[PDB]
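Same chain, two versions here, written out as C-alpha cells and called structure 1 and structure 2.
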Structure 1
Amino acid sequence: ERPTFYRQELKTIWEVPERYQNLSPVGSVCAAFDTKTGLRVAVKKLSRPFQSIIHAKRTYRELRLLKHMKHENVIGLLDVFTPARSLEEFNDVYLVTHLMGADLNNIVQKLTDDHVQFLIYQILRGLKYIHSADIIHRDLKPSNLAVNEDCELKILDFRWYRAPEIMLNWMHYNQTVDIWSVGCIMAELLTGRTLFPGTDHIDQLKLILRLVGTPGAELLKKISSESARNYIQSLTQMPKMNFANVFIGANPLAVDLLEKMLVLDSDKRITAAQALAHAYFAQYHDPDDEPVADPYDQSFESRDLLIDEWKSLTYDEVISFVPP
C-alpha cells in the first residue's frame, strides 16, 4: 500500500511519506528523521529530473547505480519514492540515503598509523566491491568519503587526487585510477599535507613526476601519439625518489604500500584486491569478509531513447525497489 504523504515548502514544495520527519535543508537535500528506523537520513529531491533526454538518462543512471550498491563501505539506497500515483503524474523523484557524519576533509594533529590502516582498509574494501561490478569511481577524494563516530567509512558519489592518466585524457587506464587516488589520500593521512597540491594540470604533473620519475622506456612504448611522446621525452629526466625520505617516520609497510599504489604505469599499479592482502592491513584483513558484487549492466549507456522512455524505465525502477 502507498504511504500517506504530506506537503511542505523549503525554494520548492517537498512531498514525502509521513515516516520522514523534521526536514531541515542541508538537486537539493534535507536531513530527516526516519521514524520507521530511528536513523537520521538524507532525502534528495532531484531537480529537473526529466527536463531533457540528458537529464532523464542521468536520472536513470543515478537511480540504477544506487540500487545496485549493496556493501558496508559504499553508500546504498535506503528508499526511493515519488508522490505520483501513475506514470502519467510522474514528475518527481526522491532518494533516501544514510545521513553521513563528517567526510575525510573534516579529519585532515595526525592520525595514528592504526587509524590510517583502518580508514584505508575500508576504502579498499569498498573499492574491491565497486570494481568487481566493472565500475570505476574516477573522482575519489576526501570529500567523497564519509565516516560516522565509530569511524566506519562509506564511499559516496561516482584535481589533487586524480590519476595522471585520467587527468590527461589517456585511454590507457583501468580501474586502478582509483588506486592512485587512494595513494594520494593515504599519503595525506600520514603526513597531514596534500601530496600533490598542483595549481594547474601542468604544475600537478610536474609534482607527480618529481616524486615518481619521468616515464621509463617501457612506459614510453605504450604511448601512441608522437606529439605526446616528444613532449614527455623533452622534459628534464627526473629519477624516481625514495619514498622513505618523503614519508619520514611512517610505518615501513605503509611506505611499501604507497610505492605500489603511486606507480605511473597503470598495468603495474596494485589492485584493490591485491592491496587488501598487503601486510600493512594484517590486523583488519579477512579474505572471507571482503565480498564482491553482482555484474552491473551498463548497456543502457550506449542507448539513445526518447525522454518518455528514460522516464518510463525510471518509473519501473522506482516501482520495483525493494528496501533492505
Structure 2
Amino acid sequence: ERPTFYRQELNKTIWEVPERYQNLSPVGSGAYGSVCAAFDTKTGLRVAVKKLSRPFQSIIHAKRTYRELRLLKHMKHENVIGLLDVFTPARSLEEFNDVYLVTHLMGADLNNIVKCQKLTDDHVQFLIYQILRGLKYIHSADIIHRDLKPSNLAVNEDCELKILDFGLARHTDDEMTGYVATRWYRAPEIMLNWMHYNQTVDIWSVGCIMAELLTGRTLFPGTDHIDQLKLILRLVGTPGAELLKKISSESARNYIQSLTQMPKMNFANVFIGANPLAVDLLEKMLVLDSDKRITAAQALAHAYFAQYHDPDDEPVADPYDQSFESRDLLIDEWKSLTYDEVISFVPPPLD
C-alpha cells in the first residue's frame, strides 16, 4: 500500500524518499529546508523535492509547515505552483518528524530572463499578464504572496510563468538591510510598518517587476529603507493629508512629514519610449495609497493586455479556510494537523 522508501546522505542530511524519485541532485539549502532536483519515474517529470528542516521544532515552526502544506494543496492554477506530491517516511503519527514536498522542477527565473534576454513589449505584456492572472487566483482565496520578485517568478522557454516562493530562509532584519534585492520589490507600507497591509502589496511588487522588464533596470534600488523611500517618493510624489492620516505609526508618519514635498513625476519621461498603455498601467499600480492601487482583477481588463485577456479563462480559486491563522495550538496539534493533510494528499490527475 505504502511505496517503498530508500536512504541517501546528501550534504550530511539523510533523504528518505519513495523509489520513484531517482537521480537526486542538491539544488539549495537554507534554515527552513533543502531542495533536490529529481526524476519522477512514475510521471516522467523532472521534479524539485523540498525536505523541511526540523518541521516541528517550535510552535511557530510547526504552524509554518502546516501553513505551507495547506497553501500548496490549495493552489491549482496554470500560473501558480502546484503540489505534485507530499510524503513522509513515517508509518504512523508517533514516528512523524519529516516532511517532503514535490513540485515541477523550475529552472530559470525572470531574474535570469531580464538579465540575459532582450524583452519586447509583447514579451512584457505576456509576462505581466501571467503574473496578474496568477495573482487574481491567489488573491481571490485571500492569500497574499508578500514577496513577489523576479527570483520568485519561474519562466520556461515559451515565456510561460509560474508564481512560487523559492525562499528557504528565516526572513530576518539584517537580510532586509543594505543594498538588497530582498527589499527592492516591497510595498512601502510593508517595508516601513506603516499600517495593516492587504492584497495590494502584491500589485506594488508587480509594478516594480514590470518597470524592470521595460528598462532592464531595477526601479527602486535603495541602499537602505530610507534611501528606498526617497527613491519611491521622488517617482510617485510625497503623500498628502488623506494618506498621511491612514499611516497607523505616528512615529513613521512624523518622518514622512519631515520630507520636502514632491510632485508625482511624468512616468512617460521616466519610461522613455514605452507603450503609453504600459505607462498608464504603471501609474495605476505604483500608487502610494494601497486603497487606490489597481487590483489584479481590474488590471487583467486594462487595454495593455487586449491581446491576451480572456475573461472566460482567468479563474478564481476555491474557498480557502484560513481560520487556523487565528488559533493557538501546541506542536503536536500542528503536527497532527499536518499529518492528516499528508496522509490525505490526492495527486494531480497526471495532466
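If you superpose the two forms and keep the largest set of C-alpha atoms that fall within 1.5 Å, you have the rigid core. Every residue number counts along structure 1's sequence, beginning with 1.
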Displaced residue between structure 1 and structure 2, judged on C-alpha after the rigid core is fitted, out of 191, 174, 143, 251 (threshold 2 Å or more)
174
Is residue 202 displaced by at least 2 Å at its C-alpha between structure 1 and structure 2 when the rigid core is overlaid?
no
Quick one: once the rigid core is lined up, does residue 224 have its C-alpha move by 2 Å or more between structure 1 and structure 2?
yes
Taking 2 Å as the cut-off, check whether the CA of residue 86 shifts that much or more between structure 1 and structure 2 after a rigid core fit.
no
Core-aligned, what's the Cα displacement of residue 233 between structure 1 and structure 2 in Å?
2.8
Inter-form CA displacement between structure 1 and structure 2 at residue 260 - rigid core frame, Å
0.7
